[PDB]
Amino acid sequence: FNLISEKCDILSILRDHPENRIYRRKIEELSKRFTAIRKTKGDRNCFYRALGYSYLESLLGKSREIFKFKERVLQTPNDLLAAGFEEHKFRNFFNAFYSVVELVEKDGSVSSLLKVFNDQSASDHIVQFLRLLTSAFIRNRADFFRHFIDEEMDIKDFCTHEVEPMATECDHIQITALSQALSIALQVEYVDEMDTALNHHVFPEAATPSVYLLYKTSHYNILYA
């Protein structure tokens, strides 16, 4: 369980910040709202890897929601082609993601899903697919990322350098784009060392979340309500 850990009690993360009054306060407050956490490996890929696992885990046993998600995933090669990606270069990554979606439908266990996301090969193929889909979704909507995010920003260079490569860290643009590309509603809780309120943001702003993530010391961990 080196990439995505077993579930632990929320207060178990006090030991990560011993004798720290702000982190202790904020972790105690978090424990009032959430019961459990899973840790992710801090390798630069942890947003993609956490969102992918947590969203697919939330679909287990839900036959209509699985059917509708699979229908969207089958169309994602068209998003990649429209942005200039070539099929023979994304085939291996697309097939690895479609395979894990079929696993959620056919096998339906947490144990089988966690084993795929802890297999370095399968899990890194899934992450690479998610990064290429993020890139494509931004490229195909460049005026929207420039109008609402980014008036002065160079979109194509941003995607080349800060989205497509393995181990590149995320900001609001990548989170917004991947949420929109797969129709995933997520809430991110922020725990920093300033003496401020514990606070969160929802992507998209409207939504009732499927997935909760904790952003602390540059890492995205998975929370359970």
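Quick note: we count residues from 1 along the sequence shown, nothing fancier.
Enquirer: As stated in the PDB record, which stretch has the larger average Cα B-factor, 53-61 or 153-161?
Expert: It is 153-161.
Enquirer: Give the stretch, out of 10-18 and 201-209, with the larger mean C-alpha temperature factor in the deposited entry.
Expert: Stretch with the greater average CA B-factor: 201-209.
Enquirer: Per the coordinate record, which of the options 43, 171, 189, 28 holds the highest CA temperature factor?
Expert: 171 has the highest C-alpha B-factor of those listed.
Enquirer: From the list 91, 146, 139, 72, select the residue with the highest C-alpha B factor recorded in the entry.
Expert: The listed residue with the largest C-alpha B-factor is 146.
Enquirer: Grab the CA temperature factor for residue 183 from the record and place it in the lowest, middle or highest third of its chain.
Expert: CA B-factor rank for residue 183: middle third.
Enquirer: When the modelled residues of the chain are sorted by Cα temperature factor, does residue 102 land in the lowest, middle or highest third?
Expert: Middle third.
Enquirer: Within this chain, which third does the Cα B-factor at residue 177 fall in: lowest, middle or highest?
Expert: Lowest third, going by the recorded CA B-factors of the chain.
Enquirer: Which third of the chain does residue 124 land in by C-alpha B-factor: lowest, middle or highest?
Expert: For residue 124, the deposited C-alpha B-factor lands in the lowest third.
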